[PDB]
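> How does the following fold in three dimensions:
(chains A and B, ligands or ions: 8)
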Protein chains: 2
Amino acid sequence: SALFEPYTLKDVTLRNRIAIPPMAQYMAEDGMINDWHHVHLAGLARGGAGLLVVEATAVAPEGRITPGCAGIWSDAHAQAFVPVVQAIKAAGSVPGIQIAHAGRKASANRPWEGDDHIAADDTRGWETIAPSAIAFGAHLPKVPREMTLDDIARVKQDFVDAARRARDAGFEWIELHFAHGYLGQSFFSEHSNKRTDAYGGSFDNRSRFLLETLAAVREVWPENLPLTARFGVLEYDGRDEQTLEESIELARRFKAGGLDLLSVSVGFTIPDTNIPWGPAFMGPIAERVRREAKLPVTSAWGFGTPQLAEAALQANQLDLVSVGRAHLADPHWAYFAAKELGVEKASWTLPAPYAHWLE
Amino acid sequence: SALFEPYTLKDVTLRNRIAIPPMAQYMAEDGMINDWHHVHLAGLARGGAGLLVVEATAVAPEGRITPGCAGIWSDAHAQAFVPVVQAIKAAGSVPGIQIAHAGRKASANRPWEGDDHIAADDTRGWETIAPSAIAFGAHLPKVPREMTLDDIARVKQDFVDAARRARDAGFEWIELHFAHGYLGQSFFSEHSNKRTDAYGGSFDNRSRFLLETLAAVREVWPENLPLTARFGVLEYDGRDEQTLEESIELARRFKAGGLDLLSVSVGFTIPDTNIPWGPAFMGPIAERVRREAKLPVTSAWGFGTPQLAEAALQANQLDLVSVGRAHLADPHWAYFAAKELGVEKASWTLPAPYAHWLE
Ligand SMILES: Cc1cc2nc3c(=O)[nH]c(=O)nc-3n(C[C@H](O)[C@H](O)[C@H](O)COP(=O)(O)O)c2cc1C
Ligand SMILES: Cc1cc2nc3c(=O)[nH]c(=O)nc-3n(C[C@H](O)[C@H](O)[C@H](O)COP(=O)(O)O)c2cc1C
Ligand SMILES: O=c1ccc2ccccc2o1
Ligand SMILES: O=c1ccc2ccccc2o1
Ligand SMILES: O=c1ccc2ccccc2o1
Ligand SMILES: O=c1ccc2ccccc2o1
Ligand SMILES: O=c1ccc2ccccc2o1
Ligand SMILES: O=c1ccc2ccccc2o1
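Residues are numbered from 1 along each chain as shown, chains lettered A, B, ... in the order given. Ligands and ions are numbered 1, 2, ... in the order given. Sure, structure below:
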């Protein structure tokens, strides 16, 4: 099986092509992770996936999506990850982390607590920041504050500090969160970026925050560990061909600036869109990016059916298959997939105290 | 669904009828549990089962099955369980523990490291103790040492200390391991017990170690927390009707001595047997014990098919259904079972950070 072939990128070797993408848990307190995350992540790692990417972890307090989001904006925050990283490595999975800044979508309720912007007089909330003072709309009506040049320098440096901390906590894979309508994505999109300075207008200017952040992170992130980003390459907003062309051009620039792999997503920059949800629907768009930017890729949405994952790899649409919700349902999904795809000694996807009994 | 009705025994209420029976992990070091067990057990608890019974935990070093077995023979051993107990309670499952002494089956290799008695000159091994100096045979050929009366008093006191420690570590459910051919089972069986003193010969004498151990444990175990035992009620050795009759009589004595529930098993006292393995094969034997001893029961073997579990409960064969291997395959089996049996809002079998997304 393609799904169970190892993958080497820089000095890191994944035991198979199953990636667990970042999945926010909304269980942290003032950014500090706890035994929710420890058990969740260690249990996932033991399930057999080759790569486990920790959830969106805020580079600054105001960059959290919600009051439950994980953070890495101080060394004490980073320390809390050390035992989790060590547990993921003990299980033979590669520990990764997505570092993030929610931008205008920040200061929101947890998804099961309303999923909407927090009320102005709720003591948990905070002012959001963004390229331009324009609301997302819908359930996120808060107008963010337009960033100053010093705000841009400060957030870039927060990404650097976050990557340095990730490195020193022992992560072997980093993912910059430039997708899903959060800060980075919103600098790229003309929908959310109306700036008239060096960080808006032209393609070069809209790309600038993302390229500068990548370059700054590259200074502290070891050249021998994969440097990745997640990026929304289209919006399904009636501007898809033009948006894809520009997104692919930016992916070429990312590659030239040392990006090792791109996690290809949808932008979610604005609500008025028509996304054609379906099993593996991103496969063709991921394949186009892979081909036209000559960059390895992963993507997600509906690959919990093992045969879809296998088919995407065999068709060279993806290099890794990211499988999210199926892993919340069953932390041992990789074992399920191994059985489905006829892997010999499938139960040894799991550690011995499980594997021995499941032959 | 019957499977998802709560169950109250003494002051403890289980949120459903799914029990995770004790399952040895063979991952402890000198009896001390570690983050293997922490993550394994906390992850299981979060999966939704109402009751999680920790693996056979040795009351004394020589009572371990293997060098990987958990122990509770000192206060420092008991301390290692405290954070695990607290994590199980945080997940809403009831924490139980099986306390044990492997008897003549002790000093064995881990199951994936040969599963057989450890060689005499291996520095990990130890002398085994038993009612009589008779080997199990087959892959367990070591002849144990015949216990003295002082050995019997000492092992009883080790069970007491173990139960006291379990109590103080916060366990809410205890299970005495009188099954599977280990020490307690071997005192009951005429195959393994040839003693000529007060602890062998007659039914009363063969019962004596088990009844005295239960009574001694009862002195330190809170009356408001379930006091249970696992016991092999037949061997499939051509003596089943006589053996079942005596086993049921002993179950009546256990009930009269404060036992709240009996986990009904097979003896595994000797190897030369013909066990009729099959899905839910223990159901009829468990039902007979339940009826004839008028005692609540659980049993196990093949109840990972949710419909078998439901049928056993509806037929009043069992009060709780123990589901072992299916939980090694999928820690979230209870969610799977909830979907299969049509539970409303089945995903809320799991905690919010999973449930919300799986509706
Ligand atoms: C509970 C949950 C939280 C998520 N959190 C994030 C996140 O932290 N970062 C991100 O880039 N995507 C996040 N996503 C998107 C997932 O990484 C993934 O792309 C999506 O679930 C689709 O894959 P699937 O169909 O396999 O679930 C989240 C999805 C879920 C279900
Ligand atoms: C990995 C493993 C370890 C076990 N350890 C014990 C144990 O510690 N104590 C015990 O009484 N039974 C033990 N058993 C028996 C199980 O509790 C259970 O009775 C058996 O697995 C049958 O149920 P199942 O068909 O649902 O797996 C163990 C079984 C397995 C698979
Ligand atoms: O980047 C993100 C962060 C959280 C999240 C939750 C549900 C679906 C998608 C998501 O994407
Ligand atoms: O996959 C594994 C195998 C062994 C192990 C030991 C301790 C903790 C985690 C582990 O994970
Ligand atoms: O294995 C699963 C189970 C449930 C589920 C629900 C939504 C999306 C993906 C899923 O995968
Ligand atoms: O009591 C026990 C202890 C360990 C064990 C392992 C496999 C099957 C049954 C078992 O029973
Ligand atoms: O089921 C649960 C729900 C919440 C929770 C929080 C911390 C640790 C474990 C938990 O389990
Ligand atoms: O769900 C499962 C999966 C595998 C398995 C193997 C042996 C016994 C029970 C099992 O249950």
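> The closest residue to ligand 1 within the stretch 151-300 of chain A: what's it in contact with?
Here the stretch 151-300 of chain A gets closest to ligand 1 at one residue, residue A:300, 3.5 Å apart by CB to the nearest ligand atom. C-betas here are computed from N, CA, C, even on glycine. Residue A:300 makes contact with A:21, A:263, A:265, A:282, A:321, A:322, A:323, A:324 under the criterion CB atoms under 8 Å, 6 or more residues apart in numbering or on different chains.
> Counting neighbours, which of those residues comes out on top?
Counting neighbours by other CB atoms under 10 Å in any protein chain shown, residue A:321 comes out on top of the contacts of residue A:300 with 29 neighbours.
> ok, and the closest non-adjacent residue to the residue of the stretch 151-300 of chain A closest to ligand 1?
residue A:322 (3.9 Å; CB to CB, 6 or more residues apart in numbering or on different chains).
> isn't the one you found right up against residue A:302?
No: the pair residue A:322 / residue A:302 is not scored as a contact, 10.7 Å apart, by CB atoms under 8 Å.
> what sits against residue A:161?
With contact set as CB under 8 Å, 6+ apart, residue A:161 has these partners: A:59, A:73.
> distance of it from residue A:77?
10 Å (CB to CB, to the nearest Å).
> Tell me how many other residues crowd residue A:177.
Neighbours around residue A:177, by other CB under 10 Å: 28.
> Report the secondary structure state of it.
strand (DSSP: H, G, I helix; E, B strand; the rest coil).
> Just list whatever residues bridge to it.
residue A:230 (DSSP bridges).
> can you give me the helices in chain A?
Secondary structure of chain A, counting by DSSP state H: helices at A:35-46, A:75-90, A:149-169, A:183-188, A:203-218, A:240-256, A:283-293, A:306-314, A:325-329, A:333-340, A:352-355.
> Quick one: closest of those to ligand 6.
Comparing these by CB to the nearest ligand atom, helix A:352-355 comes nearest, at 10.3 Å.
> The closest one and chain B, any residue contact?
Yes: using CB under 8 Å from any CB of the partner chain, helix A:352-355 reaches chain B at A:352, A:353, A:354, A:355.
> The residue in the stretch 51-200 of chain A that ligand 5 sits nearest to and residue B:355: what is the separation?
Taking CB to the nearest ligand atom, ligand 5 has its nearest neighbour within the stretch 51-200 of chain A at residue A:111, 13.8 Å off. Shown here: residue A:111 relative to residue B:355, a distance of 11 Å by CB to CB.
> Kindly report the same for residue A:153.
41 Å.
> the more surrounded of the two?
residue B:355 (18 against 13).
> Please report how far the more buried one lies from residue B:46.
Here the distance between residue B:355 and residue B:46 works out to 11 Å (CB to CB).
> now residue A:19
Taking CB to CB, one finds residue A:19 at 23 Å from residue B:46.
> More neighbours: which of these two?
Between residue A:19 and residue B:46, counted using other CB under 10 Å, residue A:19 has the larger neighbour count: 30 against 27.
> Wait, that one touches residue A:51, no?
Yes: using CB under 8 Å, residue A:19 is in contact with residue A:51, at 4.3 Å.
> list the residues that contact both of those two?
With CB under 8 Å, 6+ apart as the test, residue A:19 and residue A:51 both reach residue A:320.
> residues in contact with the closest residue to ligand 4 within the stretch 101-250 of chain A?
Per CB to the nearest ligand atom, residue A:170 is where the stretch 101-250 of chain A lies closest to ligand 4, at 15.2 Å. By CB under 8 Å, 6+ apart, the contact list for residue A:170 reads A:81, A:82, A:85, A:86, A:89, A:95.
> What is the neighbour count of the fourth one?
The burial metric for residue A:86, expressed as a neighbour count using other CB under 10 Å, is 15.
> What of the second one?
As a burial measure, residue A:82 scores 12 neighbours (other CB under 10 Å).
> ok so, going back, residues in contact with the residue of the stretch 51-200 of chain A closest to ligand 5?
Residues counted as contacts of residue A:111 (CB under 8 Å, 6+ apart) are A:26, B:356, B:357.
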